[PDB]
Structure formats: structure tokens, C-alpha cells
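Quick heads-up: it's one chain on its own, the form solved without the ligand, in C-alpha cells.
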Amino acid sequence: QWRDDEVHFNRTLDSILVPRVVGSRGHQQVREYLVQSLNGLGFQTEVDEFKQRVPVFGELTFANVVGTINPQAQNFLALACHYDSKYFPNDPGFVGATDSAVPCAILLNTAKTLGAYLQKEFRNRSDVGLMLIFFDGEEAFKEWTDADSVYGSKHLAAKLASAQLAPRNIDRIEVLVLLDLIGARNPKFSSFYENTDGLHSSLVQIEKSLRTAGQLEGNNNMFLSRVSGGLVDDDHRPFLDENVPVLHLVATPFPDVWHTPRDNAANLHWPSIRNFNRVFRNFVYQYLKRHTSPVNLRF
């Protein structure tokens, strides 16, 4: 009973899918667009803006964009992506379609498609809220290192992590669900963390339900019942370091086009996107609808 809204999805994606390197004018437009879109979908919207030095360009202005429904709730489901496009010396026009225009558009579209719930019955409660986090400056400028990467997430985590024996705001996040590298044909998602295996399993079972009911395109399994054997550093790392459980929805293998100019709209696979959206919007709905007591995946 949650239907597609591909018109909204396409429109949202078209607005995000422009070059948007930190420090650029195009980046500022996308930031403003994210704030406007969140306000328009019923979120209380805040920006975490700060200056920091990066290789080559020196001091730039970063801005994490955060939307919350039920800001007073005791606990939160946090869904996230990065909205910056990577700086490339040879490719100022990189649009990062899978990385992560599509992920950010998926967050907004999930809000839209579940809007009849989120903007009404979901407001009448204090146990759980919903956060959509658009991290800035995930991408390195020179080489990915512990200094040069995840600028925005590092900052937001430190902020949420900053009376003495009370819970820090970050401890109110039951799970950070981070989407990255989505939009290529036939993505495969494996479970990176034992403590969120239960949530990964729920995506597996929701996919099986939707498939069985004839609601998915094609016969490819997207959510696998397997543990990961790789390592993927990403915006979740600063949350993991503060003991926040993580579900890391990054396709492995990476899209063929990763970090090349061909990570563009022409190389997206719309059936895969639509299938991911179907599973994901139901996962989010079920998590929130079934939430009664504080969810404990830390201890």
C-alpha cells in the first residue's frame, strides 16, 4: 500500500544531479535545494555550517543539512547520504550520479512516498523520530586519509556527541542507515555489522515479500544474506567511533563507473532504483510503525 512516486523522484534527482563540489556555487544551490525540499516535506530543518581547510584550496565552508520529524522524541531512526560531489583535478563537471545524487534523492522520495504517514499519525508520538542527514564533504580532495575525508560527518558526530551522566544527543540514534553508491544495475548489499544483522535481515525478508507479491522488476536479489568481506570507509565511521550502530547500505561491488566522469544519469539503472525504493520505503515504514520501546543495538 505504499506506492511509487517516480515523478517526484526524477524531479528531485534532476535538481541534485549537478556539479556540487564543496566551495562551488553549484554546491550552495544544492544545499539550498535540500533545505527547501525538507521544509516542504514537513521536516524541521537545521544546518551544521563550519569552515575547514582542505588540500589545495585551503579554507572552505561546509554545511551538513539535517531534517527531523519529532525533534523531541526519545530516540531516532537516522537515514543518511552525502550531497557533495568529489573534487577531481581533471573533471570539474563530475555529477556523482550514484555517489550520491541518487542516494540523497532516495531519502527525499522516501519522505514523499511515506508522506501520508510521516506528516500525520507519525507526529502523534514521543518514542521515536526520523532524521534525514545530508552529510557534506564526504569526499577527499587529495588522497583519502584520516585528515582528508568525511569532513561533514566528523563535524556532525562531534557536535551531536558534545548533564554529565545524561544521554548525549548522538546516543539517541538507534541506528544510522547510510546509503552510498546506489543507482547502478543490480546492486548487492551485504551486512557489515553483527549488531545490525537483524535490520539487514528485515530488508532481505521485505524484498522477498515484495518479490513474491509480484511488485519488483526482474529476478535479481539485491539484499543478500551474507556478511561482508570488504572494508568501506565512509561517513558512518565517525558515528561508529561514538558507538552508534550502523547499517551501511553501500553496493558491493561498486558501480563500474565509480569515480569516473561516466558516473552520470546515462549509466543509472532505473529498474534497480525502483526496486531499491520499494524495499527501502517499506523498511523505513515498518521500523517506525512497529517501534514501541527504545531499540538497543549497542549492548
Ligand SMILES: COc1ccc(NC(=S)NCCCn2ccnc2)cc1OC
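Residue indices: 1-based, along the sequence shown.
Coordinates are lacking for 4 to 9 deposited residues between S162 and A163. Stretches 259-267 and 43-51 differ in mean C-alpha B factor, with the higher average recorded for 43-51. Between 33-41 and 230-238, the higher mean Cα B-factor belongs to 33-41. When the C-alpha B-factors of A213, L108, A158, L199 are read from the PDB record, the largest value belongs to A158. When the Cα B-factors of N219, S85, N195, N186 are read from the PDB record, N219 comes out highest. Ranked within its chain, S100 lands in the lowest third, by CA B factor from the PDB record. Annotation for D91: C-alpha temperature factor in the middle third relative to the rest of the modelled chain, per the entry. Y117 sits in the highest third of its chain by CA B factor, as recorded in the PDB entry. Ranked by C-alpha B-factor against the other modelled residues of its chain, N75 falls in the middle third. When the modelled residues of the chain are ordered by their C-alpha B factor, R281 lands in the lowest third.
Beyond the structure shown, there is the form deposited with the ligand bound, which is absent from this document and is the topic of what follows.
By the 4.5 Å heavy atom rule, the three marked residues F76, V244 and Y287 all fail to count as contacting the ligand in the deposited complex. The ligand is not shown here, and in the deposited complex it never comes within 4.5 Å of any heavy atom of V54. A residue is said to contact a partner when one of its heavy atoms sits within 4.5 Å of a partner heavy atom; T252 meets this definition for the ligand in the deposited complex. Contact between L181 and the ligand in the deposited complex is found at the 4.5 Å heavy atom cutoff.
Using a 4.5 angstroms threshold between heavy atoms, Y33 stays clear of the ligand in the deposited complex. The contact residue chosen from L60, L240, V232, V47 relative to the ligand in the deposited complex is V232, the criterion being a non-hydrogen atom within 4.5 angstroms.
From the list 133-141, 110-118, 153-161, 202-210, the contact stretch for the ligand in the deposited complex under a 4.5 Å heavy atom rule is 133-141.
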